[PDB]
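Chemist: Sequence plus experimental coordinates follow:
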Amino acid sequence: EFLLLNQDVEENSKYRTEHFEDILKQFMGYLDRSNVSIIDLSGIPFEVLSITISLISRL
Amino acid sequence: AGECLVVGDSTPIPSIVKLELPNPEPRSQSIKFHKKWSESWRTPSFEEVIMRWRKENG
C-alpha cells in the first residue's frame, strides 16, 4: 500500500502532480528539523526494495 | 601532487617531473562539505528549482 497501487480509493487518487513539492519531505527541513533521515526499509517486501532504493537515490 | 610521468618517443627516459604551479590557475572548483555546514540555516528557494526540474527555464 505504500506505493498506493490501488487508485480505486479516493484517498490514493487525491495525490496530484501539484502534490509534488511536499512529497520530497524535509526538502529544506521544516526550517527546523536538521536532516537526520532514516529510510527504514524493514517491513517493505523485498521484490520492490531495489526499486524503492533506486527511486529515492535517483530522486 | 604536482608530478606526472611523460612516456613517449619525445624523451630518452620517461621520468617523474616536478611541474611548477601554473599562473594564473584555471578556475578549478571542487565543492568542500564541512564549511558550508555550521553556517546557521540555509534556505534555498524551491518554486524556481522545481520549475527548472520540469525543463521550463533550463
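Modeler: Perfect, thanks for sending it. Numbers count the residues shown, from 1 in each chain, chains lettered A, B, ... in the order given.
Chemist: Which positions in chain A make contact with chain B?
Modeler: By the rule CB under 8 Å from any CB of the partner chain, the part of chain A lying against chain B is A:20, A:21, A:27, A:28, A:31. (Each C-beta comes from the backbone N, C-alpha and C, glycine too.)
Chemist: how does it look with 10 Å?
Modeler: Chain A has residues A:17, A:20, A:21, A:24, A:27, A:28, A:29, A:31, A:32 near chain B, with proximity defined as CB under 10 Å from any CB of the partner chain.
Chemist: now the closest residue to residue A:39 other than its chain neighbours, what's its secondary structure?
Modeler: Once flanking residues are discounted, residue A:39 sits nearest to residue A:56: 6.3 Å by CB to CB, 6 or more residues apart in numbering or on different chains. The three-state label given to residue A:56 by DSSP: H, G, I helix; E, B strand; the rest coil is helix.
Chemist: and residue A:56, how far is that from chain B?
Modeler: Between residue A:56 and chain B the computed distance is 16 Å (CB to the nearest CB, to the nearest Å).
Chemist: burial count for that residue?
Modeler: 11 (other CB atoms under 10 Å in any protein chain shown).
Chemist: Which residues are in contact with it?
Modeler: Residues in contact with residue A:56 (CB atoms under 10 Å, 6 or more residues apart in numbering or on different chains) are A:37, A:39, A:41.
Chemist: So which residue is dead centre in chain A?
Modeler: The centre of chain A sits closest to residue A:23, judged by CA atoms, centre = their mean, with a distance of 6.3 Å.
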